[PDB]
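All values below come from the heavy atoms of this structure, side chains included, with hydrogens, waters and symmetry mates left out. Sequence positions, counted from 1, serve as the residue numbers for this chain. Remember, it's 1-based here, ligands and their atoms both numbered in the order they're listed.
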Amino acid sequence: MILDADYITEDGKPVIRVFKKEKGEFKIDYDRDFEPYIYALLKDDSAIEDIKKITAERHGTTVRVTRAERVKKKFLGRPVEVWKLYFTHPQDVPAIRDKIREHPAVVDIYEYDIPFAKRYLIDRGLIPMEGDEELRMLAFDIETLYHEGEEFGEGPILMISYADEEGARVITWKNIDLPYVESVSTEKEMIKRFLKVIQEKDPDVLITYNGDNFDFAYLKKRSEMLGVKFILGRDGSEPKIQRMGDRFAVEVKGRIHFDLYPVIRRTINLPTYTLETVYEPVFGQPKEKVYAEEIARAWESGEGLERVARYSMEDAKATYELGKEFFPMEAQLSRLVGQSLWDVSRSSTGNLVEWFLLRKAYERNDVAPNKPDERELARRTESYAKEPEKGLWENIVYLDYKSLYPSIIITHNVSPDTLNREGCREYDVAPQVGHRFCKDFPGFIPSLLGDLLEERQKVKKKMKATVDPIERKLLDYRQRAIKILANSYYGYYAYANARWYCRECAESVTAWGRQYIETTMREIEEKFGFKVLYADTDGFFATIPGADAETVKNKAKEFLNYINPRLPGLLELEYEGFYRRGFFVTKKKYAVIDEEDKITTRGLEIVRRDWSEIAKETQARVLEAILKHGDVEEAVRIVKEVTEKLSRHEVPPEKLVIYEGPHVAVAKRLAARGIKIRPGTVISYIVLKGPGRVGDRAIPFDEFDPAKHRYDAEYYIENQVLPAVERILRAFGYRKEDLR
Ligand SMILES: [Mg+2]
Ligand SMILES: [Mg+2]
C-alpha cells in the first residue's frame, strides 16, 4: 500500500521517493528518471528555436530548456498542437516560466504549477491507500504549564500522553501515584523517553488534535534548548513544519500525520468545536475541561495534580478513538481521488474534484486550463444567490429527489466544452438562461460523472451480496465516497479558484432544477388531488386535505410510479417519510413530528451561547402542545404560567444557571478565591437583582443562598424565556404582549 511520495536532490537532480507499507514491512522505492515539464501554444512552429534559448538563474547557476517536442492534444473539445518543454529540476520552472510566456510568439503556457511528486503519481498512474492492509495507529498529546505572560515556548512540558489499542499511558517528570502514569528525572529525560516509545512501536499513522498548530511546534522549541534531537521520521529526520493557508501543517517522513481538527471542522457541523465538544456528538458521553488547575498543581506538590493526570490519558484516548472513527472515509477519498491521505484530509471538496479531473485529463490526453490570476479571480466573485402554507396540518408525506443536479448534468450534457458551440446540429436550451448545450458528442465532465454513478451501483450490488462483516464495511465506505464526490461537481462549477470553472453551467443546472420541481408539484396537485405545503431545492412536503393517513401513504406511492416513467434521464422522486403534524414558518423554518412522536425543527431552536435550563424546557413544552397534542391555545397558556412563577420568584434557582458588564462581575468574586481568568474558561453564573442595568449583576453559582440572594426575575422573562418562543407563536398569530 502506497502511503505517500516526495523528493530530494543530489548534485542538482531530483530523486522521487515512494513510501510503501506492504505485507508487514516498510519500503522505499527510489526513482532517478522522472522529468519536470510544461506546455506552450506558439503562434508558429518557427518560434521554438528562439524559445529553447530563454534562460534564468537559481543558486547563482544558469537554467535552460532541456528538450522540446511537438505534441497533439484536446482542449475544450477542440484538437490542437502544443510544445512540451522539459527541464532538469522542478524548481527551475518557477524561475523561468514567466519569461517564456511574455515572449511574443506565445499564446499561453500550461500545467506549470503541479507539484513534482503529485505529477509523478498521476503520470505513472500510482494510487495511494489501495490495499487491504492493517496499519498501526497511535495518538499523543502534551500539557504545558501556563506562564501567564506568554512568550510561546517558555515553560516546560508537564506531561505527554499516548494511546494505542494496547492501553493508554502518560509520562512525566514529577511524582504521581496512578496505575497508568510514569515518572522520570527531568522533562529532557521525559522527551527522550517519548521518542524511545515511538521508535519501539513504529506507527504508520500518528493521530493528533490541532497537532498542526501546537503540539509539534512546542515539542520542538523546548527541545532545541533541552539539547535533544526530536527524531520521528523513518528516515531519521525531524518533523517538517510547512505552510498551508494562513496557518500551518506538519509532516513526518515515512509516517502519516493525521490531524483531526480539519476533518471534524468539515464532517461534523457545530457552533463551537472542542475536543470534549466533538467527543460527545460522535458517540454518547462527556469528558471534562477548562483548567487553571495547572496553577494549583504548580503551587502544591501533593495533588489536584493527581486529577490533571486523568485529563491527559483522557485527551489521549478521546483522540485515538475519534481518529479511528474518521479514518475510513478519508482513506477511501484518497483512493478514489488518487492523492495521499496527508493532503486529502486537509483539503476542501473543491480541491478533491480538481485532483480527480487532472488525473482523468491526463488519462484521456485532454490539456488542462489554468487557475485564475488576480483579475480573473476578481470577477468570479460576483455571486448568484415559494412561500410556505400557514397554519397547522396533518398526515404529511415528504417526497425526496434522487441526485437532482448530477442527474441534470448528465441528461442535458452540461459542460464547459459543449457551451454555445457553433454549427451544433442538436442541442438543449437552458430554461430562463437560454444557454445552448451541444449534444453532438459526450461532454468531458458529463462522461466522468456518468461513469462514477454506475460505479457506485456496482459497489452496492457487491456490498449487498457479500457476507463478511469486514468486506461489507469497506465496500460501504467506498460507496459513500463516490457519493460525496459526485455531489460536489455542481459547487465546483461555481468555484472561483476552479480550473474548469463555468458560470453558464452553474446557472443552467440551477434553472433546470426549478423547472423539474415545478412540473412535478403541478402534476401531483392537478391529477392526484394533493396540496403542496413547503418546497426545498430538492424535496417537498404534501398531503391530501381531510384524508386517512393510510389513504395518503398509498396515494403518494401511486403518484411516484406514475411520474418517474414520465421523467427524463436518471432523476426520480423517492418516498422519504411520513409525519402526523407540522407547521411551516418561513423559507427555512419549520417543525414536524413523526409517528414515533419524535420532533424535528429547522432554524427554530436556541442558537445561543448563553442558553439556560428554564428557557430550553419551555420551548420544548410549546412544541409538544402544538405537534403532539394539536393545541395552540394550550401552548400560549403554558408560556404565561412560566412567566408568572418566574415573576413571583418561585422557579427553582437550579434551572436558572448559565454558561458563558456581567462577565466583568463574575471575574471579581472569582478573582477573590484567588482564581484568575483569561480567554479559555468556565463561566457558570446566575443573574441577580441589582443597583444598575437589568443584566449586570451576577455571581458564580457556588456563592448562592436562598436567603441572601434573590434572582433578577425580569432578566429571565425578557432576555431569555420569551425570545425562545416568540418566533413559533408569532406564526400562529400572537405577539410578545400576549405572553406576559
Ligand atoms: Mg492538546
Ligand atoms: Mg492533554
Self-check item: Atom name in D315, limited to N/O/S, at shortest distance from the Mg ion (ligand 2)
Solution: OD2

Quiz item: Are the charged groups of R136 and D204 less than 4.0 angstrom apart, N to O?
Solution: no

Practice problem: Measuring from the Mg ion (ligand 2), name the closest N, O or S atom belonging to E143. | Solution: OE1

Quiz prompt | Charged N-O contact under 4.0 Å between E330 and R266 | solution = yes

Exercise. Provide the atom name of the closest N, O or S atom of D141 relative to the Mg ion (ligand 1).
Key: OD2

Self-check item: Residues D476, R480: salt bridge by 4.0 Å N-O rule
Solution: yes

Quiz item: Checking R255 side chain against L232 main chain: does a donor-acceptor pair fall under 3.5 Å?
Solution: yes

